[PDB]
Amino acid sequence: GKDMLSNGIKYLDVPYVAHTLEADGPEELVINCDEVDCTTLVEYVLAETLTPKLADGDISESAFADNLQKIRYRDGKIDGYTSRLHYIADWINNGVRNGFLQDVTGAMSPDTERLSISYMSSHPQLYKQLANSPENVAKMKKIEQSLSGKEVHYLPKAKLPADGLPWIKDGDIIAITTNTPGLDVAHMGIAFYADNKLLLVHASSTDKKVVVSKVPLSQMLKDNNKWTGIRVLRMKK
């Protein structure tokens, strides 16, 4: 079944592992579908779903890689660590610009927030390729400055009911907005309705694997004082 939700569900129980893209050496396309975090999960699922079926069945491994590269890197060009779309605002913009994402909250929510993005250059010790690369830090600062100050639409968490909203659909990509200083998004997953509740399929660092949430997305948001709302994105084909 070639849809976002069904391809997400195929990842249930896959282990959560941090830093799977961060091997020593040059930035190259890393494919690790057996160990994921919240972002790489969404990237693999989107890449698979974008890839057409072969006349034989299943998909071309090179086509999958090529599509993953378009999702993960700025205009699909691999050119050092800083070419990876580290910030989700930037990742969203890349998908919108290149025609494979649309911004659903931009079409449905009257609420906006102004981006203020500086986390990585402020905390370079947290990133292997920043911790001892002054050049990469300077490059990231320019990217951060380019992103910061723009307004984006979002759904404040108080406005998300347990039963979701009718314009949020199964398979939508959910990006959780955050009050962490200098950071736009803290977590991601895939929308899934069950028992008239909007749940999230996501790579859970707490449960150490990909799960369906046991409570609605609304409750996930309410329970976390750093989480402020969501952006809702949708694959476009």
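Note that residue numbering begins at 1 and tracks the sequence as displayed.
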{"item": "Which of 30 to 38 and 205 to 213 has higher mean CA B factor, as the PDB entry lists it", "value": "205 to 213"}
{"item": "Mean C-alpha B-factor comparison - 63 to 71 and 194 to 202, higher one", "value": "194 to 202"}
{"item": "Of the residues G182, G171, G189, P52, the one carrying the largest Cα B-factor as recorded", "value": "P52"}
{"item": "Options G106, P156, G76, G149 - largest CA temperature factor per the record", "value": "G149"}
{"item": "Third of the chain, ranked by Cα B-factor, where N98 sits", "value": "middle"}
{"item": "CA B-factor placement of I9, once the chain's modelled residues are sorted into thirds", "value": "middle"}
{"item": "Within-chain third of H86 by Cα B-factor, per the entry", "value": "lowest"}
{"item": "Ranked against its chain, the third holding the CA B-factor of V137", "value": "highest"}
{"item": "Entry-reported Cα temperature factor of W167, expressed as the chain third it lands in", "value": "middle"}
